[PDB]
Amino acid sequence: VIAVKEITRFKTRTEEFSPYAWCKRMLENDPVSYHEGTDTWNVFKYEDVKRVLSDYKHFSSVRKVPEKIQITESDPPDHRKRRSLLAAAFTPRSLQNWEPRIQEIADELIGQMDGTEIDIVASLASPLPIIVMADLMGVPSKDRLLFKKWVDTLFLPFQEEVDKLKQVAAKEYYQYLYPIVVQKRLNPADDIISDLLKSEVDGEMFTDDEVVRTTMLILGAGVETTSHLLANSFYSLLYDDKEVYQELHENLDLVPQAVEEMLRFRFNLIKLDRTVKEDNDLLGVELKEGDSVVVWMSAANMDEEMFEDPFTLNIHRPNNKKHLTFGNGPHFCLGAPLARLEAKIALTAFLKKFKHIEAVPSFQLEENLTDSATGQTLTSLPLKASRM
C-alpha cells in the first residue's frame, strides 16, 4: 500500500485536507506523471481517471478474507458475481424502506443537541453510520451500545496494545453475530443479514462465516467514509462559504445538491490504486504488466475540462454529481445510495433544528486530523449552534 503522503510529500495534514493548489499544478503541468520514489504512474485528469477505472482489462484490481467476499480486489468475471451477491441486500426497495428508520435515528441524535457547544464528530458524524448499520443489519436495539463499542475499536481507531484490543473486539464481534446469523437462516426478517443469507448467484450462496465476515467488510467500507463525508460537510459550512448554511436552511430541497458538492470539493485526497494487467500505451505512455497506477479522483474532481470554476465551492454548479469520489465503472461504490441518503437525512435534520452555526476560534485544524484510506479525516469538529 502507498500512502498519499509518500507521493504528495506535503509538510502538513492541512495541505492534504485542502490540496487545491497542488491539484491545479498537477492537472495543468503534469497530468500523467511518473513518481520514481514509489514507482507509480499518477493520473489526474477527469477523462483519464474515468477511463482507467472503466478499463479493468488493462488496469486490474488484483494487487501484486474468503475469496467469495473479496469484491474490491477482484476482476471480471468473478467480480460481477461477488458484487451481485452483496447487492441483494442493497436493493432500491430496501433503501426506500430504510429512509424512515434512518430518519428516526438522526432525529434521536439531533434531539440530544441543545445554543450550546457541539462536537459534530462525536455527536453525529461518527455515531450515525454505526447506529444505522446496526439497525439495518438486524442487531437487536438492546445491544446497540455493545455493538458500537466493537465498531469504534475496530473501524474508528485511531500501541500494539491497539492490535490486542482489535483482536479481542473482532473475536467478540464474531461470536456475537455468528449465532444471530444462524438464527436468521432459519427465521429470516427484513434486514441485511437475512438478505445476505438468501442471496444466490449461479448457485453460489454465502456460508454463515461468510455472512459474518461480509458484515465486517461492509462496516469497514462504510463507517469511516460516511463519517468523513458528514464531518467535512459541516467543516465546509463553517469555513468555506458561510452563506451556504442559510441557503440550505431556507430551502431544504437544496440539501442533495449540496451533498454532491461536498463529495466533489471536500473529500480530499482520495485516490485508488490499480496494477497493469496487459501492456498498453493508452494513457500516452507505455505501461507494462505489473506497473502500479494511482488515479487521483480528488484532482479529477477539480478538472476545468469537466467542472466550471473548479476551485470554487458552488452548490449550484449543474454537474457536481459527475464527480468521481465513488469511483467509476465496475467497482463504483455499492454504498453510494446509502451514503447519499444518510448525509441528506442528517443534514436536513440538523437544518430543521438550528438556524445558525458558528466556528469556534480556538479550533486548530492541523491538531484534529488523522490518516485514512480516503483522505485526512477530522477527529473532532466543534461548533456553536443557535437553536434559533
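Residue indices: 1-based, along the sequence shown.
Coordinates are lacking for 4 to 9 deposited residues between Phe158 and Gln159. Counting the unmodelled positions of the deposited sequence between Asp309 and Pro310 gives zero. Between 327-335 and 37-45, the higher mean Cα B-factor belongs to 37-45.
For the pair 127-135 and 146-154, the mean B factor over Cα atoms is greater in 146-154. As recorded in the PDB entry, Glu286 shows the highest C-alpha B-factor of the residues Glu73, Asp208, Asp273, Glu286. Taking the PDB entry at face value, the top CA B factor among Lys322, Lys64, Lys344, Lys50 belongs to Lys64.
In the deposited entry, the Cα temperature factor of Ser60 sits in the bottom third of values across the chain's modelled residues. Per the deposited record, the Cα B-factor of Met113 falls in the highest third when ranked against the other modelled residues of its chain. When all modelled residues of the chain are sorted by CA temperature factor, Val32 is found within the lowest third. When the modelled residues of the chain are ordered by their C-alpha B factor, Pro77 lands in the lowest third. Per the PDB record, residue ranking by Cα B-factor puts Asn251 in the highest third of the chain.
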